[PDB]
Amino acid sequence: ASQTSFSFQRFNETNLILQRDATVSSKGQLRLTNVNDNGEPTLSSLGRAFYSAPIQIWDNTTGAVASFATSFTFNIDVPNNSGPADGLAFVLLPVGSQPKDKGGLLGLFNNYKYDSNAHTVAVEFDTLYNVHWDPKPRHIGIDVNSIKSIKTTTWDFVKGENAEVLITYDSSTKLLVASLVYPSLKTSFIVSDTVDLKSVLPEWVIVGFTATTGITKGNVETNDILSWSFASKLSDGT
């Protein structure tokens, strides 16, 4: 009834809305945070990227909510004598949404309080423990209007390893499932919770990614997206 799907092996900036430090390298890689000339990630970075066509997530007339699935391969690497920070997230935001506060707030919030008017659904890949909200181990978290996830799962983060993610949303069950696998480590992690899109997001949203590096020294990482697939389906009724 209304179908959108896109699939990219290599990125080009032509069909993307890049914000802040988010660039497209000559290799075709979506490098969300800054990396200098020597192949080294820099501190205090922030970058967001989006598919240039907004997607309809729901319709107020019909009452219908879209089911969507997305899959992406990312590489987060850390230079020597450093820990990682701060991570990356897949997001659904209002059209023309502008970057927020850097570091641990991932460019999505300005504080660690809940914001009913944030209109933000995100699946986070956290690489840093923030004492005021995060669980102690590194995690995958579902974020609904807060940096303090509604549900998390332990993620055994390993630097330099390609990570293959699948995020699915079934509107009939309201279940958002997110999974990560490391093909070389053969490891796998999954998290799931119910999210009521209709009450959180606007009818039209932009889809894509956001990443930030740490502000303190010794906490930094690359945040590269290597491939992306997205598909949503919204029923209007023949």
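Numbers for residues come from their place in the sequence shown, where the first is 1.
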* Asked: Among the other entries of this protein that model both neighbours of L88, is it absent from at least a third?
  -> no
* Within the set of other compared PDB entries, does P135 lack a model in a third or more? -> yes
* Asked: In the PDB record, does 106-114 or 140-148 carry the higher mean Cα temperature factor?
  -> 106-114
* To do: Compare the mean C-alpha B-factor of 66-74 with that of 22-30 as given in the PDB entry, and name the stretch with the higher value.
  => 22-30
* When the CA B-factors of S188, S171, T212, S192 are compared as recorded in the entry, which is the largest? -> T212
* To do: Go through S52, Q56, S179, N60 one by one and give the residue whose Cα B-factor in the PDB entry is largest.
  => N60
* Structure fact -> In terms of its chain's C-alpha B-factors, the third that includes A85 is the highest
* Asked: Among the modelled residues of its chain, does the C-alpha B-factor of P202 lie in the lowest, middle or highest third?
  -> middle
* Third of chain Cα B-factors occupied by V158 -> middle
* **CA B-factor placement of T216, once the chain's modelled residues are sorted into thirds** => highest
* **Record-listed C-alpha B factor of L175: chain third** => lowest
